[PDB]
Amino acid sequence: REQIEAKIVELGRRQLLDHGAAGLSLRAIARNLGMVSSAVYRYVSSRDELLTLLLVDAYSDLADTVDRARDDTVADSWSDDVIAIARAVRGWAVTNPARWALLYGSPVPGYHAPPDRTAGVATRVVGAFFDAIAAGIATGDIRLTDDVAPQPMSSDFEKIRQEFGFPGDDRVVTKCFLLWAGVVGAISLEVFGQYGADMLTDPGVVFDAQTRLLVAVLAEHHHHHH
């Protein structure tokens, strides 16, 4: 089976590279497996199910890539950990541009990913960032200021904290959202070609410079609040 479902995922991933989602076809996938259109449907019931399999696969590969890169190390500091994560995410997106598009690019209209399948893997990189930043809180380099956000943002953040076992207060969590948005934004601008013609000679150097600013956001205090 999974030998079969594996091949489906591999095929579908190729159809993604070539035509994007529109061109997903349990029809093509069917021929290749020496199979009748109808035969495939037990393994993968529908175009949607294919899409969710392809999503879980991309998310997992990305997260495994990140996990691997953290196990590689200068354990020196939380900030070096954050940089290593960001660099791994970007490197993965640059090597897998169509799968980056799948994950963080345009939605497939008519498709809604059942969270029960996607939630877990979809938060593993987010989770890595939180884990990395939690180290900087435990060692005092990232100073909690007990600056409470208005509701309902504060209660939103409290759920997020509990989910991830993250000890950052409301300001740290705001800064984490900025970090993630900046990382995903920078990557997508590069990968999707949106800086355009002859603008950046080495987009990676610019990405690294952005990450360093985002680290400095986490490390310094911007309001008179003590």
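All residue numbers are counted from 1 along the displayed sequence.
In this entry, 65-73 shows the higher mean Cα temperature factor of the pair 168-176 and 65-73. For the pair 131-139 and 74-82, the mean B factor over Cα atoms is greater in 74-82. Remark: of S38, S60, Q162, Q194, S38 shows the highest value [criterion: C-alpha B-factor in the PDB entry]. When the C-alpha B-factors of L53, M199, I187, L26 are ranked from the entry, the top spot goes to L26. For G105, the recorded CA temperature factor ranks within the lowest third of the chain's modelled residues.
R117: CA B factor lies in the highest third for its chain, per the PDB record.
Annotation for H225: C-alpha temperature factor in the middle third relative to the rest of the modelled chain, per the entry.
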